[PDB]
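Residue numbers (our numbering): 1 to 744.
Worksheet: the structure to be examined is printed underneath.
Take a look at the structure:
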């Protein structure tokens with residue numbers, strides 16, 4: 001199968017060739033078929049060498065006023081074409097054989113084959129010809145309504161927003177748009193990913209002739225659905241007006257779902273197999289547009305749009321730096337841009353990199369602008385004196401007195417002096433000129449969350465290594481448990497540890513770290529104590545296994561965890577004692593842990609290198625008591641083996657470690673009581689109460705009130721009345737006035 005040249009041109013010519021009792025198709029059928037008028041309306045590649053194509057055209061039309069000569073044309077053109085590496089014969093190659101389709105007259109205008117045509121062809125479509133359509137084998141070849149906003153004209157003006165690194169998307173769009181069935185590409189991603197810039201980028205490619213000119217007519221128009229009542233009716237009336245023009249196509253830049261105002265809005269109306277365009281969806285809109293319909297699904301091809309990388313986001317922001325500077329009237333630092341992109345990338349979990357980067361560069365810039373509102377005050381004081389003096393001279397002019405001698409003159413010259421002073425204060429006082437990187441960003445982010453803000457001042461030393469003391473002091477006992485855990489965390493530094501995957505099983509008494517450590521970890525690890533998520537096991541055991549992961553295997557069931565947990569991809573998930581978990585749960589944990597990913601019915605993949613799970617357990621009901629002469633490792637191995645005998649081995653094999661927790665000793669009881677003092681201090685030193693418990697009572701109390709598998713519970717009742725009622729008394733006392741440190 002050849003190009004459409006001399007195939008479809010002929011099909012059209014035949015529609016229009018019903019003329020002369022033609023014994024067969026002659027060359028003149030096509031030749032005349034290659035024009036709109038039997039006039040020059042004359043540009044074949046040999047027109048430039050020796051052929052008066054305008055005369056050839058008149059002579060061929062006059063001639064009529066395959067055939068044996070057409071066959072010689074076909075055979076010669078193709079044979080020479082093969083020799084010249086022109087696999088299919090086009091208009092610039094048909095000349096090789098055009099035996100019939102020439103001014104075969106005395107004063108002839110005849111074609112060349114392997115002499116000049118092969119050279120003139122380079123100027124024609126020529127060298128860049130791999131694939132199979134045509135060269136627009138015609139003539140010169142060698143209503144746009146308000147619902148069709150023209151982007152290519154804006155592209156031509158030069159005011160559209162370019163996209164960095166998204167040529168693959170434009171390329172794929174062109175390929176899809178040309179098709180008959182899967183022919184409406186859609187861009188996939190959340191808005192902000194760069195989809196709006198891609199749609200605009202297409203319009204730019206068109207005006208810059210980076211595309212074959214087809215889009216010259218099939219211009220980028222944007223669809224403005226209009227409402228402020230039914231409007232689909234208008235879309236249909238306009239669509240008919242546009243389709244009749246048959247030139248331009250309507251795009252969605254970022255968002256489209258099925259709407260109630262056909263769910264496939266305007267689509268059966270325009271289901272003509274033409275005027276293909278890029279639609280645009282997100283993970284959920286795709287589902288709610290295309291998958292939801294599932295009929296027209298056969299007519300779409302998603303084009304996945306990734307977010308720009310730090311390098312690409314920085315490049316667009318630096319390119320756009322001039323625009324932002326003009327609006328902020330400040331300089332925006334390049335370092336600030338690099339930092340804004342990087343620090344937002346670390347801080348924001350809510351948006352794509354361009355959005356979180358932009359939100360930050362405007363806040364950093366805004367702060368410079370607020371500070372720069374004025375000259376780095378004394379002037380204002382001078383102005384206030386000027387206004388005062390002005391008012392006083394008003395009184396001076398009005399005074400109904402006998403006297404520019406004294407009243408008027410005094411105030412007039414005082415004002416003149418102050419006026420010069422106001423000007424001088426401005427001139428010799430010549431906020432911030434330019435934004436900063438870490439300093440402004442730390443302020444913006446610290447403002448938004450604070451807490452060293454934790455991803456700004458973290459160089460991965462404090463939360464990887466110093467982590468051991470933070471976690472241990474938060475949770476007293478078995479520092480070896482803590483050490484194993486901090487090692488698991490530091491191993492992920494630079495991806496030394498599998499980049500796409502933490503997991504621990506915590507066994508022991510209550511009040512020793514089985515649950516306490518998971519929260520302490522979230523506090524340190526994410527700079528967020530509420531990054532810890534607790535999951536009850538009965539709640540998801542069997543009948544509710546479907547609430548752990550969304551199922552639909554057998555409403556919009558988000559389960560209880562998939563929808564909610566997904567909102568925070570920076571988290572510690574604490575599972576209740578797993579011996580209460582159903583094998584389905586363990587199989588789920590296994591599937592989820594591998595490759596670090598979310599296994600659901602939505603596809604909202606989470607890079608789990610940003611999460612960790614902690615599962616408590618009491619399988620080692622007696623084994624945990626080995627602490628009461630075995631060391632950490634020996635106990636660990638014993639509990640590991642028993643866990644293996646209960647939970648699936650494959651699941652268990654994805655666990656970083658089995659952690660030994662352990663009843664606190666008196667030294668440890670004193671340490672947790674001490675932590676209470678720190679808590680009370682944090683709660684009250686703010687009532688301004690500083691706290692020291694009389695030493696006799698302090699130690700006696702911590703030493704006595706223990707509970708082997710809870711924490712120091714017996715201490716509690718004596719203390720609320722001994723300490724809290726007393727601290728209330730300190731307020732009512734005044735001897736041990738708040739700020740002093742004495743209690744019982």
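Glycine included, each C-beta is placed from N, C-alpha and C at the ideal position.
One alpha carbon belongs to residue 150, the other to residue 262, and they sit about 25 Å apart. In its chain, beyond the 5 residues on either side, 704, 705, 706, 707 have a beta carbon closer than 8 Å to the beta carbon of residue 714. By the neighbour-count criterion, in which a residue is buried when 16 or more other Cβ atoms sit within 10 angstroms of its Cβ, residue 509 is buried. The beta-carbon distance between residue 617 and residue 506, rounded to whole angstroms, is 7 Å. This is short enough to meet the 8 Å contact definition. Every unbroken stretch of the beta strand (DSSP E) spanning 3 or more residues and falling wholly within the segment 254 to 307 is given here in chain order: 279 to 281, 300 to 304. The criterion of a C-beta distance shorter than 8 Å is not satisfied by residue 452 and residue 303.
The continuous alpha helix (DSSP H) containing residue 483 extends over residues 479 to 490.
Within the same chain, Cβ atoms closer than 8 Å to the Cβ of residue 500 are found at 595, 596, 597, 607, 608, 609, the five residues on either side in sequence being excluded. For residue 538, the closest alpha carbon among the candidates 176, 547, 484 is that of 547. Going by beta carbons, residue 670 and residue 718 fall outside the 8 Å limit. With a beta-carbon spacing of about 6 Å, residue 26 and residue 100 fall inside the 8 Å limit used to define contacts. Going by C-alpha positions, residue 625 is about 37 Å away from residue 566. In terms of Cα proximity to residue 663, the closest of 694, 240, 651, 628 is 628. In the DSSP assignment, residue 507 falls within the beta strand (DSSP E) that extends over 503 to 507. The alpha carbon of residue 284 has as its nearest neighbour, out of 310, 527, 314, 256, the alpha carbon of 256.
Distance from the Cα of residue 389 is smallest, within the candidate group 289, 416, 374, for 416. Residue state for residue 651 is assigned as helix, using DSSP reduced to three classes.
In the three-state DSSP reduction, residue 738 falls in the strand class (E or B). Residue 532 is bridged by DSSP to 572. Rounded to the nearest angstrom, the gap between the Cα atoms of residue 438 and residue 519 is 29 Å.
Runs of the alpha helix (DSSP H) lying entirely within the segment 59 to 135 and spanning at least 4 residues, in chain order: 68 to 83, 117 to 123. Residues 425 of the same chain have their beta carbon placed closer than 7 Å to that of residue 378, with the five preceding and five following residues left out of the count. When only Cα atoms are considered, residue 661 and residue 504 end up about 12 Å apart. A straight-line Cα-Cα distance of about 10 Å links residue 350 and residue 569.
Taking 8 Å as the cut-off, the Cβ atoms of residue 318 and residue 337 count as close. By the criterion of a C-beta distance shorter than 6 Å, residue 411 is surrounded in its chain by 389, 392, 393, 396, once the five residues flanking it on both sides are discounted. Residue 623 and residue 635 have their alpha carbons spaced roughly 7 Å apart. For residue 432, the three-state secondary structure derived from DSSP is coil.
Each residue's CA atom was taken as its position, placing residue 735 and residue 679 some 23 Å apart. Rounded to whole angstroms, residue 728 and residue 528 show a C-alpha spacing of 31 Å. One Cα belongs to residue 482, the other to residue 605, and the distance between them is close to 30 Å. In the displayed model, residue 35 falls within coil according to three-state DSSP, outside both helix and strand. Two segments are said to touch when three or more pairs of C-beta atoms, one from each, lie closer than 8 Å; by this definition the segment 39 to 46 does not touch the segment 70 to 84. Within a 10 Å sphere around the beta-carbon of residue 716 sit fewer than 16 other beta-carbons, which makes this residue exposed. The beta-carbon separation of residue 657 and residue 484, rounded to 5 Å, stays under the 8 Å limit for a contact.
For residue 196, the uninterrupted alpha helix (DSSP H) run begins and ends at 195 to 207, by DSSP.
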